[PDB]
K.L.:
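Next up is a structure, given as structure tokens.
Every chain is numbered from 1, with letters handed out A, B, ... down the list of sequences.
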Amino acid sequence: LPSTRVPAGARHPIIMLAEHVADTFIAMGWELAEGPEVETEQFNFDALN
Amino acid sequence: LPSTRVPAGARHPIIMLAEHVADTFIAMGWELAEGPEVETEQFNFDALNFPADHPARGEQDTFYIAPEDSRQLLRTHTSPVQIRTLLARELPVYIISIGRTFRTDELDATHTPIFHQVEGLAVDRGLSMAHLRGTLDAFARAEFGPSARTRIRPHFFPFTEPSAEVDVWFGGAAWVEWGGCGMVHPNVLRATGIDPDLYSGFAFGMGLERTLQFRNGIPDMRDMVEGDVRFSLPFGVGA
Amino acid sequence: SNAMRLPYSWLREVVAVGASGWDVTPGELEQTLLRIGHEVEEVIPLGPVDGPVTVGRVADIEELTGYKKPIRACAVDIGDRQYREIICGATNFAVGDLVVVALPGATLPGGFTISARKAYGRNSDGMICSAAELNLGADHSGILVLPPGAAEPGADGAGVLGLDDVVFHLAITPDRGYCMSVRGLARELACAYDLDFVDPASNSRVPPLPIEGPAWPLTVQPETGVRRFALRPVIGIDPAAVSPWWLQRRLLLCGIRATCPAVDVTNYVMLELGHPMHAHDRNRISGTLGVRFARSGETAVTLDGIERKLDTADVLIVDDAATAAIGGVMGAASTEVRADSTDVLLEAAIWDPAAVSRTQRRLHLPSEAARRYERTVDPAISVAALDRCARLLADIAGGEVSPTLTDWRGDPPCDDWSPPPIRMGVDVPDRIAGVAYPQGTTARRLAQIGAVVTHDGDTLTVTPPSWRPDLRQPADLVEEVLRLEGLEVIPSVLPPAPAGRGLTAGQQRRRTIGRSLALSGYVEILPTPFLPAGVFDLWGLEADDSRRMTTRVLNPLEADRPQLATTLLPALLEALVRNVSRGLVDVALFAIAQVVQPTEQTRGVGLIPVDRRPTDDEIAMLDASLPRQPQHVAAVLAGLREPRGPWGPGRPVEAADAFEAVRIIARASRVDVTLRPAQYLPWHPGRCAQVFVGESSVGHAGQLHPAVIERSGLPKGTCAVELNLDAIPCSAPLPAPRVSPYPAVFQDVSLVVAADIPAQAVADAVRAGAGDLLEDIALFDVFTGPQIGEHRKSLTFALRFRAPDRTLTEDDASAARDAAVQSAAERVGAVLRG
Amino acid sequence: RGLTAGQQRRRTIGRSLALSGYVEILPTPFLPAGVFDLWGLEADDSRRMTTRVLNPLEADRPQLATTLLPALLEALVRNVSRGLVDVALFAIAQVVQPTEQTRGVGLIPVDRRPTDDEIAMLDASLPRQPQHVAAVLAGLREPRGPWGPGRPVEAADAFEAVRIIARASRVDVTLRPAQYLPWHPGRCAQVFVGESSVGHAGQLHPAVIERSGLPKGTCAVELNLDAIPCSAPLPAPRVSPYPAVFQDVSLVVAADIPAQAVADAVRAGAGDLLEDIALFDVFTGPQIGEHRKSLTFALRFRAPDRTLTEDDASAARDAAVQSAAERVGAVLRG
RNA sequence: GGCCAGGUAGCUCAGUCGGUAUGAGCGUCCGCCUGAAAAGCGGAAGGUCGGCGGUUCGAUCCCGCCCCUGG
Ligand SMILES: Nc1nc2ccccc2[nH]1
Ligand SMILES: [Mg+2]
Ligand SMILES: [Mg+2]
Ligand SMILES: [Mg+2]
Ligand SMILES: [Mg+2]
Ligand SMILES: [Mg+2]
């Protein structure tokens with residue numbers, strides 16, 4: 001008989017893929033950074049040649 | 001108004017600590033190995049340079065598997081995983097192992113017969129005591145904060161030479177013994193088909209129950225292993 | 001044991017011979033001993049005492065009668081013209097004995113101030129102190145009696161007793177047997193402090209006694225492993241003599257009791273030089289002394305009066321009449337020294353360490369001599385220790401050293417006891433330490449510890465001394481250099497670890513399962529690997545149940561629990577009983593751990609030579625001799641599964657909660673499971689499911705059998721689940737869903753089946769017949785009214801049909817529904833509800 | 001050093017919400033056409049101060065997202081309009097909150113490294129952009145089945161999402177009644193970590209629901225994860241081997257008194273003997289005064305060094321009753 | 001290993017050297033009480049007194065062996 005009173009949940013695959021990519025690089029010694037989406041043109045174009 | 005119709009759950013703090021320790025070493029490129037709790041005497045003693053009929057093997061009490069003189073036992077440490085790794089894996093080797101270990105100690109507020117240990121083993125070209133000390137300091141910083149200071153002092157273990165013990169300084173603040181370490185004995189490398197003139201290595205071992213005892217100030221170690229929910233629940237769900 | 005007790009004054013004295021004026025505080029000494037590798041278990045200062053604590057002599061004793069214990073009124077001479085009257089309850093002294101008196105105004109260790117009390121109808125002007133009250137020794141049965149000549153009445157007690165001293169309790173590692181003596185520890189301190197060392201066993205400190213002939217006829221069987229056997233007699237010792245106080249005090253502070261000068265001298269030289277010594281009554285030796293293996297069934301009475309069953313691998317000392325000693329463990333009662341012994345034959349022997357270790361362990365005799373021999377004793381100092389004994393005993397007991405000496409040194413005689421030389425690069429300690437040491441550091445440190453060092457360009461040839469049999473490989477020499485320079489100078493450098501692969505799939509799976517169960521209301525516990533006593537009998541298992549084929553432990557901490565866990569449930573149920581029996585009655589526990597399931601009787605594998613790599617066949621052979629150790633996840637539930645609250649009274653645990661635990665683990669493992677009714681103890685045969693992943697069975701779940709619950713003292717309705725994680729294949733699916741933008745069709749179907757038909761079987765049949773158009777199916781009603789036949793039930797499923805490329809008509813969905821109904825009719829005997 | 005504390009928290013929050021029946025979505029950062037006008041927000045609402053886009057994909061959606069709710073409520077409409085009417089979605093993403101008009105920074109020479117003062121000048125010219133977690137719910141919260149007909153979503157399900165996030169963050173939250181559009185003013189809770197406001201939760205305003213085409217009874221949550229401090233507590237529990245004492249206390253309070261406030265007052269007065277406390281009864285009726293309610297809490301007392309007498313426990317209970325009288329005006333049920 | 005000393009209700013313990021442990025505190029159950037509880041008052045249930053044997057007409061108690069703790 002059905003026993004799960006909790007509805008079906010799921011994390012997004014893209015988040016799951018990002019987690020798997022992040023874990024792959026942490027295992028190689030790398031780290032995870034941060035970045036704003038609203039960016040200045042100094043950091044998005046000017047400082048990148 | 002209360003809305004949590006689910007009972008409070010929790011993972012055990014020792015499992016959470018092992019998971020934090022495993023994450024700490026994986027973040028440095030290390031991997032996590034496995035090992036059976038019932039181990040042959042060859043891998044628990046003979047391959048680890050334990051001398052026969054010597055107090056190095058005699059004064060250490062062991063849970064032996066029936067019948068008598070069966071060359072089978074409950075492993076006294078996670079050190080046999082060093083033998084299994086060096087026999088199965090290719091060089092270089094940078095591994096940690098977290099598993100149950102068995103000693104014949106009476107269960108009280110600071111001792112437990114059945115506890116969990118963290119074994120570390122690194123084998124590579126040009127590994128020195130400085131690399132062991134660097135690994136130990138990073139380990140202690142991850143578990144005891146950035147202000148954690150360690151000290152190593154000489155000791156003895158059959159499978160290491162030189163051998164040492166690790167103390168930690170995070171009473172209120174003094175030197176407390178954390179675990180044992182040392183360079184992998186060249187006999188252990190020869191017993192696994194490794195040239196001691198080409199490869200060197202170090203190893204270490206810390207008890208998880210002992211680590212959690214002074215990292216959190218827990219009084220009774222009997223509460224760590226008896227399974228009362230009053231001990232686990234305050235630690236939260238844990239991931 | 002590995003304990004070494006010694007007072008600082010003695011240790012300081014031996015160091016100070018070569019380093020006059022050397023003196024350090026106890027705190028610094030503890031740190032220096034620790035920094036070179038000597039575990040300091042305790043630092044015990046003697047006393048302290050304050051006020052009038054003086055030596056006295058008991059000049060009279062009056063026996064006060066009529067009490068609960070014999071009480072003595074004593075007149076004590078304390079060195080002045082007025083004898084002090086003191087009441088004492090001890091009976092271990094006589095008139096004329098020297099004692100230690102604490103007078104009124106004195107303060108004993110513990111803050112106890114002494115005053116004159118009116119006790120037993122008499123005047124007590126102080127007290128006669130025991131070693132425990134003075135914090136000198138552990139004895140408290142009687143009072144302390146100093147040997148005659150120790151001091152005169154009126155001497156300061158603290159000075160005579162040496163209460164300014166400090167006792168160091170050391171734990172010596174088994175690789176440093178040479179440190180079980182003042183000689184070794186003093187040499188270590190000379191190394192640590194860069195001091196000139198005068199060896200207390202050298203010929204300048206123990207000048208050799210004459211050698212004019214053999215001391216006793218001796219035959220040695222070299223197969224016993226004896227390396228040296230020396231004998232020298234001391235004749236005409238005074239049976240009335242007692243050891244001086246300085247000797248008895250140093251023995252006491254080292255944990256040894258004084259008895260007679262012959263035994264005291266052997267014990268004292270043992271502590272000073274590290275060479276065990278024994279005194280035989282020579283007048284009780286009959287014929288030639290023989291060193292040989294014991295014979296089968298041979299016994300021997302040790303000098304403690306206990307008969308010892310010997311073994312063919314035990315080494316004995318025998319004469320023509322009896323056994324004289326168990327070689328290197330204990331002497332026999334036949335040649336022991338007694339109160340009337342006048343002629344003594346001292347024995348200085350070096351025994352095989354392995355033979356002594358085997359014998360003393362089998363006989364449960366870890367004597368002071370045994371633990372030193374099993375850790376190797378310097379064979380070069382045997383005659384030195386012998387001569388040191390003979391001269392000290394002759395001096396103390398008024399005897400005369402005999403100029404005879406027997407000295408068996410092997411066949412052929414061995415003249416040099418030095419280990420083989422070792423070749424090592426001059427910078428090898430630098431490379432292993434990661435430290436550039438100053439030039440000459442390695443050579444200086446290795447010569448410090450007593451080795452001979454010769455230089456051949458860049459290669460050192462190092463011959464370790466005879467008392468360091470642990471120095472066999474260059475790594476051993478490296479440790480000597482590093483520990484003496486100090487491990488604190490080694491820098492902290494992170495190793496060059498390569499890019500790793502992270503956690504295995506199995507390691508990530510255990511994390512996900514533990515996280516999901518904890519978030520679902522379960523508490524994790526660590527299961528003990530030892531099964532409780534007769535738990536399978538409580539479960540009512542058959543005698544041939546595979547769970548009973550366990551692995552037993554020879555020496556468990558609980559004799560009733562030797563076997564290892566073939567299932568995680570007994571440990572979880574024990575933790576459940578602990579919780580419920582302490583007021584936590586609504587509990588759900590889980591555990592992820594391994595079990596031990598052997599497939600054959602315990603078969604051991606012989607010793608493989610550890611000088612080479614074991615072949616792949618030998619590696620696979622050692623693995624097959626070990627029991628199988630699969631990873632299991634298990635859980636137990638009792639009490640309320642849903643707590644009470646403002647919503648209602650809560651819900652008691654039922655079997656469906658255990659089935660839900662299976663589904664949580666399944667979703668955490670990214671696999672699909674099927675549940676089928678099963679019979680499997682200790683579960684309830686009507687409320688037990690067998691869990692399958694594909695066609696492979698992975699465990700069981702449900703409510704436990706009520707008879708098992710009663711017999712085990714468990715809460716009623718206790719449920720349990722156990723799965724073998726190793727039997728569940730690791731899966732990494734890659735779904736590629738295509739969301740249909742067209743509307744769906746909602747239809748419900750009511751099917752009547754026999755009560756025994758599982759609902760999942762009706763659902764699978766509906767899916768099989770409906771086809772690809774079926775997007776979702778959910779059971780939402782089970783009805784069992786008499787309108788339905790007896791032993792029958794109505795099941796209503798909600799169906800959702802959707803096409804990927806078109807909008808369906810009601811007839812389109814009804815066609816798929818009718819094919820699903822026909823499929824249920826054929827597979828589970830379903831009838832459309834009328 | 002691996003994952004930062006915050007990065008670990010976002011994983012635990014995502015794992016816990018999914019295991020609790022929530023489906024994650026990727027929220028779009030482009031606000032719908034006048035979404036705040038649908039919410040009825042005031043013209044001076046801090047959420048209306050958005051960053052605009054010069055060339056948007058759609059000329060009627062050029063505003064950036066100040067809150068994650070418009071994107072989640074949009075994804076909720078897609079699911080409900082396509083037959084999936086019982087939904088619960090969440091999203092863990094950052095938002096955009098400018099504190100002034102869009103200001104520009106002059107060109108800094110690329111041939112050199114900008115000084116730390118030039119870096120700080122470039123950061124201040126950007127919106128704050130904190131990491132948020134939000135969720136929306138509609139339809140059946142508990143699906144129907146053989147157990148029964150299921151439970152529709154209610155405001156308490158949004159508050160439970162807060163407690164799910166709070167447990168994943170290893171922090172304690174307090175909920176207080178509050179008015180904050182687009183939430184229903186009588187079904188809205190402001191969430192607090194210590195003294196810092198971290199977001200809101202509860203049922204949505206019925207006018208907002210009708211004007212947005214949302215399902216009736218839609219509930220929503222939104223928390224500011226950057227306002228929730230990181231915590232790594234080190235508990236040191238000591239399990240008492242002595243038996244406990246079970247007692248219940250019935251307290252009458254005004255209807256507006258939150259049940260958690262009474263629980264906190266009972267705990268503060270009961271002292272260290274109180275091992276557990278749970279509310280299991282909320283009773284109204286003429287036996288109790290008008291606009292009042294009776295709350296019964298189950299209490300568990302235990303000493304660490306002794307067995308208690310019933311008088312020991314009752315003494316701790318009376319002290320708890322006194323503390324509730326002084327803090328929330330509670331009256332012992334007579 | 002030594003002679004002792006502990007093992008007693010669900011928890012923590014007291015107490016008995018042969019026919020009731022009139023066991024305590026808390027835990028469990030019932031009644032009064034309450035909308036439902038708790039307290040309060042009034043009552044009940046539950047120990048095969050560590051296990052296996054022996055002695056005895058009968059053993060928690062005496063004897064032997066054993067298991068589990070502290071000195
Ligand atoms: N368990 C353990 N492991 C060790 C590894 C090196 C030195 C000492 C050790 N004790
Ligand atoms: Mg060494
Ligand atoms: Mg008890
Ligand atoms: Mg009642
Ligand atoms: Mg009552
Ligand atoms: Mg009774």
Side-chain angles (χ1 to χ4, degrees), chain B residues 104-109 111 113 222 226 228 230, chain C residues 1 138 140 302 304-308 360-367 530 532-534 537 553 555-562 574 576-587 638-639 644-650 710-716, chain D residues 239-252 266 270 273-289 292-321 324 330 332-334:
Chain B
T104 74
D105 292 274
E106 253 77 5
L107 175 59
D108 47 33
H111 311 87
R222 267 169 295 227
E226 265 155 9
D228 200 294
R230 285 178 281 165
Chain C
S1 169
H140 199 53
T302 38
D304 50 19
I306 286 104
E307 200 159 298
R308 312 295 186 157
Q360 75 95 345
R361 249 154 209 92
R362 208 266 317 250
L363 296 179
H364 298 216
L365 274 177
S367 65
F530 287 85
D537 284 338
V553 167
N555 46 321
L557 293 179
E558 298 183 271
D560 46 321
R561 307 163 105 257
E574 182 174 74
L576 179 136
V577 162
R578 168 178 276 282
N579 275 284
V580 171
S581 79
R582 294 175 178 281
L584 310 141
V585 303
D586 319 300
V587 61
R644 79 168 159 184
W647 43 80
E710 275 161 17
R711 291 191 299 256
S712 294
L714 290 164
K716 287 189 189 230
Chain D
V239 176
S240 177
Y242 302 93
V245 178
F246 300 110
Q247 288 197 354
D248 305 332
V249 54
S250 284
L251 297 167
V252 183
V266 168
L273 286 181
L274 186 59
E275 191 172 273
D276 193 71
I277 166 171
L279 167 70
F280 68 91
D281 192 49
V282 181
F283 185 70
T284 59
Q287 311 89 316
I288 288 93
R292 289 169 76 72
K293 64 196 173 175
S294 172
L295 311 177
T296 312
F297 294 87
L299 311 179
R300 184 163 82 238
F301 302 100
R302 210 194 297 254
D305 57 357
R306 71 211 196 261
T307 302
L308 300 166
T309 77
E310 200 73 39
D311 283 351
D312 292 343
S314 302
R317 185 206 52 212
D318 299 347
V321 173
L332 192 61
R333 172 83 169 275

K.L.:
What is the base-pairing partner of E/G46, counting Watson-Crick and G-U wobble geometry with both distances under 3.5 Å?
P.N.:
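The base-pairing partner of E/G46, which may sit in any strand shown, does not exist here.
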
K.L.:
Could you give the distance separating E/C4 and E/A44 at their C1' atoms, to the nearest angstrom?
P.N.:
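Per the computed distance, 42 Å lies between those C1' atoms.
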
K.L.:
Taking the purine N1 to pyrimidine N3 distance and the second Watson-Crick contact, or the two G-U wobble contacts, each under 3.5 Å, tell whether E/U56 pairs with E/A24.
P.N.:
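Given the Watson-Crick and G-U criteria, E/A24 is not paired with E/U56.
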
K.L.:
Would you confirm whether the neighbouring bases E/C49 and E/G50 count as stacked, given the thresholds of 5.5 angstrom between ring centres and 30 degrees between planes?
P.N.:
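No, unstacked.
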
K.L.:
Check each residue of residues 297-307 of chain D for a non-hydrogen atom within less than 4.0 Å of any atom in RNA chain E, then write out the ones that pass by number, or none.
P.N.:
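Residues of residues 297-307 of chain D that come under 4.0 Å of RNA chain E are, in numerical order, D/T307.
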
K.L.:
Does the pair E/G19/E/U20 satisfy a centre-to-centre distance of less than 5.5 Å between six-membered base rings together with a plane angle of less than 30°?
P.N.:
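When the rule is applied to E/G19 and its neighbour E/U20, the answer comes out as no.
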
K.L.:
With nearest nucleotides of RNA chain E determined for D/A244 and C/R582 from heavy-atom distances, which residue corresponds to the more 5′ nucleotide?
P.N.:
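First, find each residue's nearest nucleotide; the 5'-ward one identifies C/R582.
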
K.L.:
If we take the P atom in both E/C29 and E/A45, what is their distance in whole Å?
P.N.:
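That atom pair is separated by 16 Å.
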
K.L.:
Remember a base hit wins even if backbone is also touched, and classify C/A533 as base, sugar-phosphate or nothing at under 4.0 Å, heavy atoms.
P.N.:
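Contact class for C/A533: none.
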
K.L.:
So, is the end of the D/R300 side chain (NZ or CZ) under 6.0 Å from the ring centre of D/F246 and within 45° of the ring's axis?
P.N.:
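No; the conditions do not both hold, so D/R300 does not lie above the ring face of D/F246.
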
K.L.:
Please step through side chain to side chain contact (heavy atoms under 4.5 Å, CB included) for the pair D/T296 and D/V249, ending with a clear verdict.
P.N.:
CA-CA 5 Å; D/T296 312; D/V249 54; over 6 Å; no

K.L.:
Under a 3.5 Å cutoff, is there a donor and acceptor pairing between the side chains of C/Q360 and C/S367?
P.N.:
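Side-chain D/A pair, C/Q360 to C/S367: absent.
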
K.L.:
Pick the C1' atom in E/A59 and in E/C49, then give their distance to the nearest Å.
P.N.:
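To the nearest whole Å, 11 Å.
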
K.L.:
From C1'-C2'-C3'-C4' alone, north or south for the sugar of E/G19?
P.N.:
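E/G19 falls in the south pucker range.
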
K.L.:
Rounded to whole angstrom, note down the P distance from E/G64 over to E/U69.
P.N.:
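My reading of the P atoms in E/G64 and E/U69 gives 23 Å.
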
K.L.:
Using the P atom as the reference point in each nucleotide, state the distance between E/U20 and E/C13 in Å, no decimals.
P.N.:
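Per the computed distance, 28 Å lies between those P atoms.
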
K.L.:
Whole angstrom is fine here: how far is it from OH in D/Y242 over to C1' in E/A24?
P.N.:
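Interatomic distance, OH of D/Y242 to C1' of E/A24: 16 Å.
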
K.L.:
With a 3.5 Å cut-off on both distances, are E/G23 and E/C13 a Watson-Crick or G-U wobble pair?
P.N.:
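Here the two bases pair.
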
K.L.:
Go through the structure and list residues passing side chain to side chain donor-acceptor pair (under 3.5 Å) with D/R292, not counting sequence neighbours.
P.N.:
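Result, side chain to side chain donor-acceptor pair (under 3.5 Å) vs D/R292: none returned.
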
K.L.:
Have a look at the sugar of E/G18 and report north or south, taking a positive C1'-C2'-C3'-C4' as north and a negative one as south.
P.N.:
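South.
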
K.L.:
Partners of C/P532 by side chain to side chain contact (heavy atoms under 4.5 Å, CB included), sequence neighbours excluded?
P.N.:
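If we apply the side chain to side chain contact (heavy atoms under 4.5 Å, CB included) test to C/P532, skipping adjacent residues, the hits are C/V535, C/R561, C/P570, C/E574.
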
K.L.:
Could you go through nucleotides 68-71 of chain E and list every protein N or O atom that sits under 3.5 Å from one of its N or O atoms, giving the distance for each pair?
P.N.:
residue	atom	partner	partner atom	Å
E/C68	OP1	C/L557	O	3.1
E/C68	OP1	C/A559	N	2.8

K.L.:
Using atom P of each nucleotide, how far apart are E/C41 and E/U22 to the nearest Å?
P.N.:
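Taking atom P in both E/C41 and E/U22, they lie 24 Å apart.
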
K.L.:
Using the six-membered ring of each base, decide whether E/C17 stacks on its neighbour E/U16 (centre distance under 5.5 Å, planes under 30°).
P.N.:
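In short, no, the neighbouring bases do not stack by the stated criterion.
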
K.L.:
Under the 3.5 angstrom rule, does the side chain of D/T309 hit a backbone N or O of D/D312 as a donor-acceptor pair?
P.N.:
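Yes; at least one donor-acceptor contact below 3.5 Å.
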
K.L.:
Check the distance between E/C66's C1' and C/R561's CZ and give it to me in whole angstrom.
P.N.:
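About 18 Å, once rounded to whole Å.
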
K.L.:
Positive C1'-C2'-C3'-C4' means north, negative means south, so call it for the sugar of E/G47.
P.N.:
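E/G47 falls in the south pucker range.
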
K.L.:
Going by Watson-Crick or G-U wobble geometry, both distances under 3.5 Å, is E/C26 a partner of E/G10?
P.N.:
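A pair, by the stated definition.
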
K.L.:
When you compare E/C3 with E/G43, how far apart are their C1' atoms, in angstrom units rounded to a whole number?
P.N.:
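Looking at atom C1' only, E/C3 and E/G43 are 49 Å apart.
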
K.L.:
Between D/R333 and D/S294, do the side chains contain a donor N or O and an acceptor N or O under 3.5 Å apart?
P.N.:
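There is such a pair between these side chains.
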
K.L.:
My parser flags sugar pucker from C1'-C2'-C3'-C4'; what should it report for E/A37, north or south?
P.N.:
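On the sign test, where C1'-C2'-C3'-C4' is positive, E/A37 is classed north.
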
K.L.:
Is there a side-chain contact between D/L273 and D/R302, using heavy atoms and a 4.5 Å cut-off?
P.N.:
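A side-chain contact under 4.5 Å is absent here.
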
K.L.:
Below 4.5 Å, heavy atoms only, C-beta onward: do B/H111 and B/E106 meet side chain to side chain?
P.N.:
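B/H111 does not reach B/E106 side chain to side chain.
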
K.L.:
Any Watson-Crick or G-U wobble pairing between E/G35 and E/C11, both distances under 3.5 Å?
P.N.:
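The answer is no: E/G35 does not partner E/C11.
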
K.L.:
With rounding to the nearest 0.5 Å, note down the distance linking CZ in C/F530 to CD in C/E558.
P.N.:
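So the CZ of C/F530 and the CD of C/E558 are separated by 9.5 Å.
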
K.L.:
Please verify, for E/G64 and E/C52, whether Watson-Crick or G-U wobble pairing holds with both distances under 3.5 Å?
P.N.:
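So E/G64 is base-paired to E/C52.
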
K.L.:
State, to 0.1 Å, how close D/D281 and D/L279 come at their nearest heavy-atom pair, and which atoms those are.
P.N.:
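Answer, listing the atom of D/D281 first, then D/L279: O-CD1, 3.3 Å.
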
K.L.:
For C/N579, does its backbone N or O pair with a side-chain atom of B/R230 as donor and acceptor, under 3.5 Å?
P.N.:
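Not at all, since once roles are kept as given, no pair shorter than 3.5 Å links the two residues.
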
K.L.:
Under the rule for salt bridge (charged side-chain N to carboxylate O under 4.0 Å, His left out), what residues qualify as partners of C/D304, not counting sequence neighbours?
P.N.:
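Here the qualifying residues are C/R308.
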
K.L.:
Closest-nucleotide mapping onto RNA chain E: is D/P243 or D/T309 further toward the 5' terminus? I mean the 5' end.
P.N.:
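The residue mapped nearer the 5' terminus is D/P243.
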
K.L.:
North (positive) or south (negative) by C1'-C2'-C3'-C4': which describes E/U8?
P.N.:
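Here the sugar adopts a north pucker, which is what a positive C1'-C2'-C3'-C4' value indicates.
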
K.L.:
Assess whether side chain to side chain contact (heavy atoms under 4.5 Å, CB included) is satisfied between C/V580 and C/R582, documenting all intermediate values.
P.N.:
CA-CA 5 Å; C/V580 171; C/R582 294 175 178 281; over 6 Å; no

K.L.:
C1' atom, E/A9 versus E/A21: distance in rounded Å?
P.N.:
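So the two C1' atoms sit 10 Å from each other.
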
K.L.:
With a cut-off of 5.5 Å for ring centres and 30° for planes, do E/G47 and E/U48 stack?
P.N.:
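So E/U48 stacks onto its neighbour E/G47: no.
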
K.L.:
For nucleotides 33-41 of chain E, which of its nitrogen or oxygen atoms have a protein nitrogen or oxygen under 3.5 Å away, and what is each distance?
P.N.:
residue	atom	partner	partner atom	Å
E/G35	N7	D/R333	NH2	2.4
E/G35	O6	D/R333	NH1	2.5
E/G35	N1	D/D281	OD2	2.6
E/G35	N2	D/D281	OD1	3.0
E/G35	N2	D/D281	OD2	3.3
E/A36	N6	D/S250	OG	3.1
E/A36	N1	D/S250	OG	3.3
E/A36	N1	D/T296	OG1	2.8
E/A36	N3	D/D281	OD2	3.4
E/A37	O2'	D/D248	OD2	2.5
E/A37	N1	D/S250	OG	3.4
E/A38	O2'	D/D248	N	2.9
E/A38	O2'	D/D248	O	3.1
E/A39	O2'	D/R317	NH1	3.4

K.L.:
Could you please name the partner base of E/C61, counting Watson-Crick and G-U wobble pairs only when both distances are under 3.5 Å?
P.N.:
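Pairing partner: none.
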
K.L.:
Write down the partner of E/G18 under the Watson-Crick or G-U wobble criteria, each distance required to be under 3.5 Å.
P.N.:
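Base partner found: none.
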
K.L.:
Here, do the bases of E/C61 and E/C62 lie with ring centres under 5.5 Å and ring planes under 30 degrees of each other?
P.N.:
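Ring centres or planes out of range, so no.
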
